[PDB]
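Each of two forms of one protein chain follows alone as structure tokens, named structure 1 and structure 2.
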Structure 1
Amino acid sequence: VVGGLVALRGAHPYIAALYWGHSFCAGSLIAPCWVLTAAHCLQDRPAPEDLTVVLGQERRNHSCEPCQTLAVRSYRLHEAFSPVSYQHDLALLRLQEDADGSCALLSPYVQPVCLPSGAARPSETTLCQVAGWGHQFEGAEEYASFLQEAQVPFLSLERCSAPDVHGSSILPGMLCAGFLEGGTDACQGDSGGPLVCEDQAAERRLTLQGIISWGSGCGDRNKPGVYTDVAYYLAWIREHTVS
């Protein structure tokens, strides 16, 4: 992410790291046995067996005391995902339980994030945190080592769709966040990242409202990041999360 700072160790219990082959993505623990990510991460359809999920991580690919590694038993890409439009850009990872019937072993560093209310109307005023291990500036050489997070305001669809922003590229199921001025944004290597936004009606006041999907260039002017709108997909998530 660009324009952010290193996140506190206890700051991101929900975030999950996903490793396979030469690839990496992030995601969010939304229940003890379930991770929500971006479908475009798994576009190439790797085998669950090759997927490794690590919860409770702070440094990308760094072993740590709170860290927990897990296999993936299966995963589902949204049936209407398009690798061209990136509409419907979400996927569910079913974690493999151990012999005790547990998947994620919760602790202060490993906890699920609350799902979005959905019914409540979205507002420009709402503020959100975006997080990830991707590029800290455009043209960056490597991925970050420590998790970065940055604060970004939500952006209404009517203003993100407007022709000076992203125009016709913004479809149902997407959402935008960030400064039209630029400067603060998710970037390449931040795919599958959780956008967590203030929710005044929620008991925790904080819910998962976006999945890092796409944009145009790390933090450029007049170009907010585009996220999957998690509230749009509650029914799909409930339905394929009984599973």
Structure 2
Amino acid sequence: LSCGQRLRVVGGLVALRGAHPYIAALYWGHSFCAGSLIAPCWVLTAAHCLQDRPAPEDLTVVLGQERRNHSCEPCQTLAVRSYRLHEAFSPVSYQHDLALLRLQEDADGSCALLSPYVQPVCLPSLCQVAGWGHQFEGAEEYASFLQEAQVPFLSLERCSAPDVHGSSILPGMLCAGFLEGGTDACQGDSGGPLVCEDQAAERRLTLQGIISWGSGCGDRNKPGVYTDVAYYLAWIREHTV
């Protein structure tokens, strides 16, 4: 497939190399974020990750990773040429929480080299959240292996009920997870993916959300909040020329 091809977090399971071939790991200083490869030279992440504005030269993007802490021969380490946060990102409400990283091309003009382990994810227009974050709130460390958990979409009417997130759910946000709790994104999953298998297009992986924020991790009535990728489609297409 052109995109969304696949080879093979609280309450998740290990996701081995090739399970999420589009997932990007972003490193700088003592900081970390995840993202999604949406094209050979582009990675979609959360804007809140880069709000302190590190220099693009201080960032490292790693594609093909399984373990966050292992050096790996087929993994691709790329420099970041530049990045663009959404111009309307609000550090107070987290509305418009999205950012694009332009990867540094080599002499020939290539960035990510596609392989069974590195593939772009499809853009939108059976769901899972993935990341290397804390496996529970209060964990002293990030997960060593990538984790994956199945979560369903929750309607805006249910996510904005007063006992859930109320008036904090704004245009551009979506919720996924369970009101019972147990399975969710957590601290350290920032910028990572919420992908769904597209039944209309051969079950290809389609990026529906970007891990943005939550009240706790896996708490009752507090599901994870994500940036609605479909809502920002024209912005992403405009800024990825």
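Just so we're on the same page, rigid core means the largest C-alpha set that superposes within 1.5 Å between forms. Residue 1 is the first residue of structure 1, and the numbers go on in sequence order from there. Only residues modelled in both forms are compared.
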For the set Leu180, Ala202, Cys67, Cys33, which residue undergoes a C-alpha shift of 2 Å or more between the two structures, given alignment on the rigid core?
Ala202
Upon rigid core superposition, what is the positional shift of the Cα of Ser191 between the two structures, expressed in Å to one decimal?
0.3
Just grab the Cα shift of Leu8 between the two structures for me, core aligned, in angstrom.
2.5
Taking the rigid core as reference, consecutive runs of 3 or more residues that move 2 angstroms or more in Cα between the two structures:
198-206
